[PDB]
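Encoded as structure tokens, the structure appears first; notes follow it.
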2 protein chains.
Amino acid sequence: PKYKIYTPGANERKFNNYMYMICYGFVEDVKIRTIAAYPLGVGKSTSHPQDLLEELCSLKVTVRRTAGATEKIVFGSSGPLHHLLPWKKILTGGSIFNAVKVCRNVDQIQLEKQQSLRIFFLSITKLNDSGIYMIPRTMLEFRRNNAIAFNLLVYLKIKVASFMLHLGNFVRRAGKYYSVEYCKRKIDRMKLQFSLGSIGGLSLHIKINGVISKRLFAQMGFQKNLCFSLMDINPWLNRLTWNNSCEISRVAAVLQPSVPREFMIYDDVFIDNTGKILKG
Amino acid sequence: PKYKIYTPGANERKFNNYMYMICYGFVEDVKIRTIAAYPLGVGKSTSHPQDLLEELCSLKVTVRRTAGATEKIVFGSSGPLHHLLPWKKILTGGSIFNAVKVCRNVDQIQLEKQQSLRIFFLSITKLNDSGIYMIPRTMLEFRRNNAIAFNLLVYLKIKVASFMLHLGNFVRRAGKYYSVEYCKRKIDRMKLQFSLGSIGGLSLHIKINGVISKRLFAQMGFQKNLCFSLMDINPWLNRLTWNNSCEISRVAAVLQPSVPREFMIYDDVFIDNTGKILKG
């Protein structure tokens with residue numbers, strides 16, 4: 001059993017009073033049915049990660065399968081706390097997660113048997129704040145006619161894989177025909193910086209170090225720091241980053257139409273090697 | 001390239017003017033990047049399935065990867081229609097699906113290359129109506145304190161797998177202690193009948209042939225016919241039923257607490273071999 005710490009805001013040199021944690025374990029008969037993830041959230045703590053890991057391994061964590069609109073996994077924790085007291089609410093009062101996010105093989109978890117979680121890894125993300133900022137889901141799911149979606153394609157080395165995320169929408173000017181090198185230089189003024197976290201398993205963290213338009217900035221809640229979790233973007237790929245080393249190998253900007261019909265008209269514009277990856 | 005027809009309401013002997021369709025294809029470079037599903041929806045048609053299959057194979061179907069809050073796949077179709085004219089809106093004006101529902105390996109689909117869908121199977125569900133009835137997602141995601149969730153666990157032979165679905169909530173009477181044989185006989189009066197469809201890939205269809213309480217019936221929109229798609233319940237398991245033969249082997253009722261905290265108190269009640277599986 002081991003841990004790994006991630007510090008997405010390392011270049012900001014801030015003191016990190018907060019720790020986001022997520023752990024992974026075998027779902028076992030009280031043999032191994034599947035692997036699952038147990039997101040503990042953010043606690044205000046400065047404890048040593050070995051103390052946190054060891055107190056977590058002392059807990060009895062139950063795994064109960066259920067359903068709503070979709071299959072769900074309920075975690076119940078049991079045992080006295082000391083170091084884990086900042087995560088006291090989550091660890092002591094049960095928590096529920098969509099099986100798709102936290103378990104690939106929910107279909108293999110038993111109902112006639114009791115199931116426990118045997119933790120083998122603890123993932124930490126150091127934060128100087130109790131909240132991380134993610135663009136609201138309603139706004140990211142928004143589509144407009146005659147619009148260009150500003151998306152990023154992050155390549156990850158772990159074979160090699162990619163995932164795509166969306167920042168917002170530019171206006172597709174009527175009849176105006178927008179050049180690649182044009183856009184690229186509009187994106188370059190944003191001076192986007194990318195670093196990895198482990199929020200949800202794997203998170204991509206974005207700092208806006210340059211200039212960005214008011215109409216686009218508003219789409220991102222006027223926040224110079226944005227966080228996107230791979231658990232939201234691609235739960236299947238996210239599973240492969242659990243207990244596995246990752247780095248960003250390459251980031252492209254992919255400019256696309258927003259609404260589906262306009263995909264028949266406009267092809268993707270692929271701007272390679274955008275922003276800058278922080279040595280981390 | 002082949003097709004398969006499903007008739008979930010076969011024991012009702014109704015004339016089926018409507019066909020729900022969903023097809024599967026390799027996502028190819030214009031080599032094979034992944035498998036994807038293309039849900040076409042419901043059309044008012046009586047065409048032969050070989051005519052539908054052959055006209056579908058005549059189309060140029062493009063596969064474009066994009067993102068919103070989560071990774072998405074946009075389908076574009078191209079070619080003149082005759083038999084597929086009931087699906088004219090979907091086939092000719094683009095459509096967008098969460099990658100998690102329609103593609104396991106979205107991360108492998110290219111952006112610097114064009115991608116097409118090479119269809120190898122067409123799945124049909126005969127319906128006597130243009131709409132299928134699914135309990136609203138808001139209502140299925142609802143949780144109450146001191147409540148018993150009425151859920152079903154469907155076993156499928158294809159190795160063997162299961163999936164869980166939720167009908168609604170009973171009230172957990174204060175201090176009253178509800179017996180297994182009690183509940184079982186309350187469920188048996190409902191005379192639930194289960195049959196398979198292919199809505200979303202695999203659908204479980206439920207007909208209420210007996211008696212059911214007003215407070216519970218209201219939770220299911222007062223509908224004697226309910227449909228649950230495996231694409232909503234477990235997108236990962238759903239993938240294994242694409243182009244693969246399935247039958248229901250066994251159905252249990254699993255009575256559970258609703259809210260997560262109460263999972264620490266109340267264990268699951270497992271009522272085996274509930275309802276009846278229609279020979280289909």
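Labeling convention for the structure tokens: chains A, B, ... as they appear, residues from 1 per chain, ligands from 1 in order of appearance.
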
Could you work out which residues of chain A fall inside 6 Å of chain B? Count only C-alpha atoms, and format the result as a ChimeraX atom specification. /A:67-71,93-95,107,137,140-141,162-163,165-166,232-233,260-261

Tell me which protein, DNA and RNA residues are within 10 Å of residue B:80, counting only C-alpha atoms, leaving out same-chain ones fewer than 6 positions away, and put them as a ChimeraX atom specification. /B:55,58-59,88,92

Find the residues near residue A:14: any atom within 12 Å, counting only C-alpha atoms, skip ones fewer than 4 places away on the same chain, and give them as a ChimeraX atom specification. /A:7-10,18,126-129

If we count only C-alpha atoms and set the cut-off at 10 Å, which residues sit around stretch 81-85 of chain B, ignoring sequence neighbours fewer than 2 positions away in its own chain? Please answer as number ranges by chain. B: 40, 43-49, 51-56, 58-59, 78-79, 87-92

One decimal, in Å: what's the spacing between atom CA of residue B:171 and atom CA of residue B:183? 12.3 Å

Run DSSP on the backbone of this structure and report the residues of stretch 1-194 of chain B it assigns to helix (DSSP H, G or I), as a PyMOL selection string. chain B and resi 10-12+49-57+85-92+99-102+106-108+137-140+180-188

If you run DSSP on the backbone here, which positions in stretch 43-251 of chain B get strand (DSSP E)? Please write them as a PyMOL selection string. chain B and resi 43-44+60-67+71-78+95-98+115-127+147-157+160-171+192-197+203-208+225-229+247-251

Deliver the residues from the most recent selection as a file, using C-alpha atoms, as an mmCIF file, in the first residue's frame.
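Resulting contents of result-v4.cif:
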data_model
loop_
_atom_site.group_PDB
_atom_site.id
_atom_site.type_symbol
_atom_site.label_atom_id
_atom_site.label_comp_id
_atom_site.auth_asym_id
_atom_site.auth_seq_id
_atom_site.Cartn_x
_atom_site.Cartn_y
_atom_site.Cartn_z
ATOM 1 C CA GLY B 43 -39.574 5.629 -36.885
ATOM 2 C CA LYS B 44 -43.088 4.860 -38.127
ATOM 3 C CA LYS B 60 -21.620 7.660 -45.523
ATOM 4 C CA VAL B 61 -21.646 8.009 -41.730
ATOM 5 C CA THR B 62 -18.967 10.288 -40.272
ATOM 6 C CA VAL B 63 -17.678 10.088 -36.706
ATOM 7 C CA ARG B 64 -16.532 13.340 -35.101
ATOM 8 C CA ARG B 65 -15.197 13.508 -31.556
ATOM 9 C CA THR B 66 -15.861 16.606 -29.468
ATOM 10 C CA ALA B 67 -16.630 17.574 -25.866
ATOM 11 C CA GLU B 71 -16.548 13.631 -24.213
ATOM 12 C CA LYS B 72 -19.020 13.423 -27.047
ATOM 13 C CA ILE B 73 -19.413 11.766 -30.421
ATOM 14 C CA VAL B 74 -21.194 13.511 -33.308
ATOM 15 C CA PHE B 75 -22.637 11.396 -36.099
ATOM 16 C CA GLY B 76 -23.139 12.766 -39.569
ATOM 17 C CA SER B 77 -24.949 10.785 -42.245
ATOM 18 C CA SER B 78 -24.897 11.182 -45.972
ATOM 19 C CA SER B 95 -26.747 13.808 -33.706
ATOM 20 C CA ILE B 96 -24.636 13.944 -30.549
ATOM 21 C CA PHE B 97 -24.088 11.309 -27.861
ATOM 22 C CA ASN B 98 -22.064 11.054 -24.670
ATOM 23 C CA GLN B 115 -13.257 8.904 -39.003
ATOM 24 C CA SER B 116 -16.112 6.918 -40.509
ATOM 25 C CA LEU B 117 -18.529 4.353 -39.114
ATOM 26 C CA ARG B 118 -18.542 0.979 -40.882
ATOM 27 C CA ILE B 119 -21.837 -0.559 -39.790
ATOM 28 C CA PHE B 120 -21.893 -4.340 -39.152
ATOM 29 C CA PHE B 121 -25.174 -4.872 -37.256
ATOM 30 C CA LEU B 122 -28.646 -3.321 -37.005
ATOM 31 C CA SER B 123 -30.821 -3.770 -33.926
ATOM 32 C CA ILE B 124 -34.576 -3.254 -34.138
ATOM 33 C CA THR B 125 -37.276 -3.090 -31.486
ATOM 34 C CA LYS B 126 -40.879 -3.441 -32.668
ATOM 35 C CA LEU B 127 -43.290 -1.066 -30.923
ATOM 36 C CA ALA B 147 -37.561 4.559 2.989
ATOM 37 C CA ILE B 148 -37.204 1.181 1.321
ATOM 38 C CA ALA B 149 -36.080 1.199 -2.282
ATOM 39 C CA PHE B 150 -37.789 -1.328 -4.478
ATOM 40 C CA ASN B 151 -35.129 -2.490 -6.837
ATOM 41 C CA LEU B 152 -34.680 -5.374 -9.205
ATOM 42 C CA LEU B 153 -31.639 -7.279 -10.084
ATOM 43 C CA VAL B 154 -31.773 -8.777 -13.514
ATOM 44 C CA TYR B 155 -29.457 -11.596 -14.395
ATOM 45 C CA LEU B 156 -28.416 -11.943 -17.987
ATOM 46 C CA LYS B 157 -26.976 -14.893 -19.828
ATOM 47 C CA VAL B 160 -23.369 -14.333 -16.624
ATOM 48 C CA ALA B 161 -23.934 -10.786 -15.516
ATOM 49 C CA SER B 162 -26.348 -8.664 -13.674
ATOM 50 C CA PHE B 163 -27.696 -5.200 -13.523
ATOM 51 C CA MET B 164 -29.823 -3.349 -11.029
ATOM 52 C CA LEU B 165 -32.717 -1.013 -11.601
ATOM 53 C CA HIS B 166 -34.990 0.981 -9.388
ATOM 54 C CA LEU B 167 -38.739 1.248 -9.439
ATOM 55 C CA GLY B 168 -39.490 3.394 -6.428
ATOM 56 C CA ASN B 169 -39.622 3.732 -2.673
ATOM 57 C CA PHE B 170 -41.799 2.195 0.009
ATOM 58 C CA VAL B 171 -42.147 3.928 3.409
ATOM 59 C CA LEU B 192 -44.447 -8.177 -12.916
ATOM 60 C CA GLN B 193 -43.517 -9.454 -16.332
ATOM 61 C CA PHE B 194 -40.107 -8.865 -17.886
ATOM 62 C CA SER B 195 -39.013 -9.004 -21.543
ATOM 63 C CA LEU B 196 -35.975 -7.784 -23.467
ATOM 64 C CA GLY B 197 -35.718 -4.937 -25.963
ATOM 65 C CA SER B 203 -33.590 -2.704 -22.600
ATOM 66 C CA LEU B 204 -35.564 -4.390 -19.862
ATOM 67 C CA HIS B 205 -39.327 -4.045 -20.312
ATOM 68 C CA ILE B 206 -41.725 -4.355 -17.408
ATOM 69 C CA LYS B 207 -45.478 -4.907 -17.564
ATOM 70 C CA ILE B 208 -47.500 -4.560 -14.365
ATOM 71 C CA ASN B 225 -45.503 -0.551 -19.075
ATOM 72 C CA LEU B 226 -42.034 0.652 -18.089
ATOM 73 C CA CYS B 227 -38.785 0.515 -20.009
ATOM 74 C CA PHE B 228 -35.231 0.673 -18.607
ATOM 75 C CA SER B 229 -32.261 0.886 -20.963
ATOM 76 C CA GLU B 247 -31.629 -13.719 -22.310
ATOM 77 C CA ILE B 248 -32.842 -13.061 -18.797
ATOM 78 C CA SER B 249 -31.845 -16.008 -16.640
ATOM 79 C CA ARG B 250 -33.104 -14.826 -13.237
ATOM 80 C CA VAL B 251 -34.688 -11.786 -11.579
#
